[PDB]
Amino acid sequence: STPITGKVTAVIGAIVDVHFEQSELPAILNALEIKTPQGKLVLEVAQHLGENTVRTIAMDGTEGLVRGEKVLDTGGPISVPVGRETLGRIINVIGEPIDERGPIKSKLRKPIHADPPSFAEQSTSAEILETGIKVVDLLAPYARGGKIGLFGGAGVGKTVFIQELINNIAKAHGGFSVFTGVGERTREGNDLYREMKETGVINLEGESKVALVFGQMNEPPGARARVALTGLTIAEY
Amino acid sequence: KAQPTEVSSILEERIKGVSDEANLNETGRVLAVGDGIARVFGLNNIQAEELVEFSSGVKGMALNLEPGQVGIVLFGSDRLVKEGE
Amino acid sequence: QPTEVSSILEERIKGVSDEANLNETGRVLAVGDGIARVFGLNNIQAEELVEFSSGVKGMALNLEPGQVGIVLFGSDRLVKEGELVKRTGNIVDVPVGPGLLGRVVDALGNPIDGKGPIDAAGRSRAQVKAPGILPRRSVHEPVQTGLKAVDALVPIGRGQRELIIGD
Amino acid sequence: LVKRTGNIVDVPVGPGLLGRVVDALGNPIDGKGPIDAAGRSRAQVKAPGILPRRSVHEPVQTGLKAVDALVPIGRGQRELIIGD
Amino acid sequence: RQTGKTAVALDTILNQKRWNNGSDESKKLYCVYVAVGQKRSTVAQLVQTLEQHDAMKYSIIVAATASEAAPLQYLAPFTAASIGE
Amino acid sequence: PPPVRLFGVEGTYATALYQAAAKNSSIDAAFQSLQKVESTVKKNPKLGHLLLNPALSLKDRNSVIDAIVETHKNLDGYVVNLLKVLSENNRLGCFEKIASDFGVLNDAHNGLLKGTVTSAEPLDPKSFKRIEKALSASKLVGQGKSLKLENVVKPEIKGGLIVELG
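Residue numbers (the entry's author numbering), protein chains in the order written: chain A, 6 to 242; chain B, 4 to 88; chain C, 6 to 172; chain D, 89 to 172; chain E, 173 to 257; chain F, 7 to 172.
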């Protein structure tokens, strides 16, 4: 019922020191809210520093923020929508799509951070995935239930292999793929967008499956960090 | 002179239970929680290296005591508790 | 030992202990070495350009709860403690435009080339959200940096963000 | 109680200290009793500048040949060493 | 990182069955393993391998999955030692 | 300028209170409300000492300060504003109350125990320190003569070390 809100008191570095009212101290990692003239300012609480003031390093630009602006908690952790509705969209760290693709309403917008599988929920298996590249088809199988890492500096473009793997797998995937653009170069972001849309993987009007979410590398670091959290949440859903 | 007594009893009261019947001697009030740290004012009977129930469903260890607050490292996620609990 | 001491730390010092009329003007409590603390500007927009009354401008990167600290973008000899500070209320604005070329202006926009004033399309905010994912296509137009190997082996295209790291 | 000596740290100094091992400020520590003083000056004196300074016009001997004729050690030659 | 260290632990723990298979309390050992600095997958794998050789009879495993924060880690080796005692 | 700077440490609040109240008369008037407040705090063992705890909430701190001020007009003067300011600035000022007393003494009373080789606990409430000192010392010796024991004169230690070290 009662909308808990406080007075964002101090902005230092890229962090906004969100004080709060009695019993209004937001929890750490909870989704705050900050409405700004530029729009929505996304701040995630940090170490609750006592004095009823919980620290926060924002997920948006520190500019323009005015001291003492009221910030009302979202009542839980940072959230992005979860479900097949996310397919074909570029979900931002704050969660506001940056492609101007309109809100694809989903069943839930779950909090980013949650529990991991228990040892009674953590299983293990030996499965090989059809990666379509003879390199990964022969010299190193990809695991249907196990991590598959990679390496290579700038110019090796492993992201190209990633998109190719996504496309080939989806071409014979009973389940939908997922991605997470942890702080990619923006131009590489747009090129990835174009290649994913035109390849048929991202069916702009159809039923796509490879929901690419990008951290965009051009924000204060908090959004970049929590982006992978968001993507893991989505894949978990 | 009833005013001083009434004021004192009202001041002791209206404090939920922090200074009402508890004085934080056996239970504790958590001033802040960094990551698993819990600078707690209260628990005036907890010994060093103490397992404490932080009343958020998450236990933890009181592995240092200081002048006015006890730093009780928490055995669970930081969000699982909150400041002032 | 009945308790602890009276305190541990502090944030503010001066002793008016009354209402706050320093919402547009500031009090320069700490000022020195190109960084200055300011008392006042209750709800200033973060990173707002601010003018010190002596005559030197400044941008305010620090807005700590007690006092907000503003960088003193100039020779600090003019600033002094207690000097008034006026809020310019804007992000860094520099007149820059098609008429800027062919001269040398200060990064504060002021044309310091000494070859006369500068006329430009107007002052624009110097720190804005860059063109994101939408309104851009892959760099297709080439850029020929003249040097043979530069154009050939490592061609830096038109519009791109290449860097020349080196010793 | 902390009693102010009223003087900058000064060392019992003078030619008499010859052969005596003195503590920090000059407290004798061997057990030979007092050693006379030709002045007790502060422990941080201002060194002579340019004009009151001069060249190394008078040489000396390092004693051990010790690559000393190779690299001398003359009047005021602030030489340094190093080792494990 | 693991120059067989995890593998060596697996081997030594499993070979314990060579002696524990009998009934002699003189040599039968109730071994256990603490889990400092391990991702939960590694613990799952070790548990599976032990159960495969049928080592779920007389072995124990102190579990500090890398999910657990600093408190569980810095107290897990000691609590494991207490179980060992 | 105050009589002498109290070297901070939450004494900044007290120093400022002394300076502001010294702009006005507010000398006995300031110290009187402070003495009444300290007496009231002592008069409530709890809820006035446990009230001097960091854990008190901002609403709780303002409310406790208000309740302490509620003892009629015992919180009269600028001390009310100082107490409210501290209620969010720094919770504990009993040492600041003692510092306000120290400033009051500096303004009017002065005086402290001499010492030297005496551990006496006397006072010489007079501006001058060239006449009344001897009378105060002789009186405190010939009247009361309490536990002023430094055990022995340190010169005993001095001679013992001097002889024992050649």
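C-beta atoms are modelled at their ideal positions from N, C-alpha and C, and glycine is treated no differently.
> Between which two residues does the beta strand (DSSP E) containing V73 of chain B stretch?
Replying inline: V73 to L77 is the extent of the beta strand (DSSP E) around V73 of chain B.
> In chain order, what residues of the same chain lie with their CB nearer than 8 Å to the CB of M222 of chain A, ignoring the 5 residues before and after it?
Replying inline: So the list reads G188, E189, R190, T191 and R229, once near-sequence residues are dropped.
>> For the structure I just gave you, are there three or more beta carbon pairs, one from the segment 105–121 of chain F and one from the segment 25–45 of chain F, closer than 8 Å?
In response: Using a Cβ-Cβ distance cut-off of 8 Å, the segment 105–121 of chain F and the segment 25–45 of chain F are in contact, since at least three pairs of beta carbons, one from each stretch, lie closer than that value.
> Between which two residues does the alpha helix (DSSP H) carrying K189 of chain E extend?
Replying inline: It spans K189 to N192 - the alpha helix (DSSP H) in which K189 of chain E sits, taken as one unbroken run.
>> Taking 9 Å as the threshold (C-beta atoms), are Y230 of chain E and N187 of chain E in contact?
In response: Contact flag unset, no.
> In this structure, does DSSP put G176 of chain E in helix, strand or coil?
Replying inline: Residue state, collapsed to three classes: coil.
>> Contact between the segment 41–50 of chain A and the segment 19–30 of chain C is defined here as three or more beta-carbon pairs at a separation below 8 Å; is this criterion met?
In response: As far as the Cβ criterion goes, the segment 41–50 of chain A does not touch the segment 19–30 of chain C, which means the pair count is below three.
>> Counting only C-beta atoms, is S144 of chain F closer than 9 Å to chain A at any point?
In response: At a cut-off of 9 Å between C-beta atoms, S144 of chain F does not count as an interface residue with respect to chain A.
> Which two residues bound the contiguous alpha helix (DSSP H) that contains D156 of chain C?
Replying inline: Boundaries of the alpha helix (DSSP H) harbouring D156 of chain C: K153 to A157, taken from the DSSP string.
>> Whole angstroms are fine: how far does the CA of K115 of chain A sit from the CA of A41 of chain B?
In response: Those two C-alpha atoms are separated by around 28 Å.
> Can you give the beta carbon distance from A216 of chain E to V234 of chain E, rounded, assuming they're within the 8 Å contact cut?
Replying inline: No, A216 of chain E and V234 of chain E are not in contact; Cβ-Cβ is about 15 Å, not under 8 Å.
> Looking only at C-alpha atoms, which of F:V10, F:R11 and F:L23 sits nearest to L92 of chain F?
Replying inline: Scanning F:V10, F:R11 and F:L23 for the CA closest to the CA of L92 of chain F turns up F:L23.
> With 9 Å set as the bound, which would you pick, yes or no: does the beta-carbon of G114 of chain D sit closer than that to a beta-carbon of chain F?
Replying inline: It does not; no Cβ of chain F falls within 9 Å.
> Does the pairing of the segment 10–25 of chain A with the segment 62–80 of chain A give three or more beta-carbon distances under 8 Å?
Replying inline: Two segments are said to touch when three or more pairs of C-beta atoms, one from each, lie closer than 8 Å; by this definition the segment 10–25 of chain A touches the segment 62–80 of chain A.
> If we cut at 9 Å on Cβ distances, does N35 of chain A have a partner in chain B?
Replying inline: For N35 of chain A, a Cβ of chain B is located within less than 9 Å of the residue's own Cβ.
>> So that I know if they touch, is there some Cβ in chain E lying closer than 9 Å to that of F57 of chain B?
In response: Interface residue (Cβ-Cβ distance to chain E less than 9 Å): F57 of chain B is not classified as such.
>> Judging by CA-CA distance, which residue of A:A51, A:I109, A:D65 and A:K112 is the nearest neighbour of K85 of chain B?
In response: Ranking A:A51, A:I109, A:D65 and A:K112 by Cα distance to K85 of chain B puts A:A51 first.
> In chain F, which residues lie less than 9 Å from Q27 of chain A when you measure between Cβ atoms?
Replying inline: Correct list: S63, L64, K65 and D66.
> Between F:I163, F:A105, F:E127 and F:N95, which lies nearest to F37 of chain F when the distance is taken from Cα to Cα?
Replying inline: Selected option, being the one with the closest Cα: F:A105.
> According to a CB-to-CB cut-off of less than 9 Å, which residues of the segment 57–70 of chain A neighbour chain F?
Replying inline: Hits within the stretch, in order: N57.
>> Quick check on the DSSP output: the beta strand (DSSP E) that includes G44 of chain A runs from which residue to which?
In response: Its beta strand (DSSP E) spans residues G44 to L46.
> Of all the CB atoms in chain B, is at least one closer than 9 Å to the CB of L89 of chain F?
Replying inline: Contacts with chain B at 9 Å (Cβ-Cβ) do not include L89 of chain F.
> Considering only residues of the same chain and omitting the five flanking positions on each side of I153 of chain A, which have a CB-CB separation below 7 Å?
Replying inline: Cβ neighbours of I153 of chain A beyond the five flanking positions: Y147.
> Where DSSP assigns a beta bridge to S84 of chain A, which residues make up the other side?
Replying inline: A:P116, per the DSSP bridge assignment.
> Which chain C residues are close to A26 of chain F, counting only those with a beta carbon under 9 Å from its beta carbon?
Replying inline: Near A26 of chain F (Cβ distances below 9 Å), the residues of chain C are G20, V21 and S22.
>> Classify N97 of chain A: buried if its beta carbon has 16 or more other beta carbons within 10 angstroms, exposed otherwise.
In response: So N97 of chain A counts as buried.
> On the premise that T14 of chain A lies in contact with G55 of chain A, defined as a C-beta separation below 8 Å, what is that separation, rounded to the nearest angstrom?
Replying inline: Going by Cβ atoms, the distance from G55 of chain A to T14 of chain A rounds to 14 Å, so no, they are not a contact pair.
> Which value, in whole angstroms, describes the spacing of the CA atoms of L68 of chain C and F13 of chain F?
Replying inline: Using only the alpha carbons, I get a separation of about 28 Å.
>> Using a 10 Å radius around the Cβ and a threshold of 16 neighbouring Cβ atoms, would you call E203 of chain A buried or exposed?
In response: Here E203 of chain A is exposed. Its C-beta has fewer than 16 other C-beta atoms within 10 Å.
>> Counting C-beta neighbours from all protein chains within 10 Å, is the total for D183 of chain E 16 or more, i.e. buried, or is it exposed?
In response: Per the 10 Å Cβ criterion, exposed.
> Alpha carbon to alpha carbon, what distance is there between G186 of chain A and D104 of chain A?
Replying inline: Annotation: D104 of chain A to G186 of chain A spans about 14 Å, alpha carbon to alpha carbon.
> Out of curiosity, what's the CA-to-CA distance linking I117 of chain C and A125 of chain C?
Replying inline: Approximately 14 Å between the Cα atoms of the pair.
> Can you find a CB in chain C that lies within less than 9 Å of the CB of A22 of chain F?
Replying inline: Chain C contact via Cβ: present.
> Listing by chain order, which chain B residues have their CB less than 7 Å from the CB of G55 of chain A?
Replying inline: Against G55 of chain A, the close residues of chain B are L34, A35, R42 and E86, in the order they occur along the chain (beta-carbon pairs closer than 7 Å).
> Excluding five sequence neighbours on each side, which residues of the same chain lie with their C-beta closer than 7 Å to the C-beta of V109 of chain C?
Replying inline: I117 and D118.
>> Would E102 of chain F pass as an interface residue toward chain C - the criterion being a Cβ-Cβ separation below 9 Å?
In response: Closer than 9 Å: yes.
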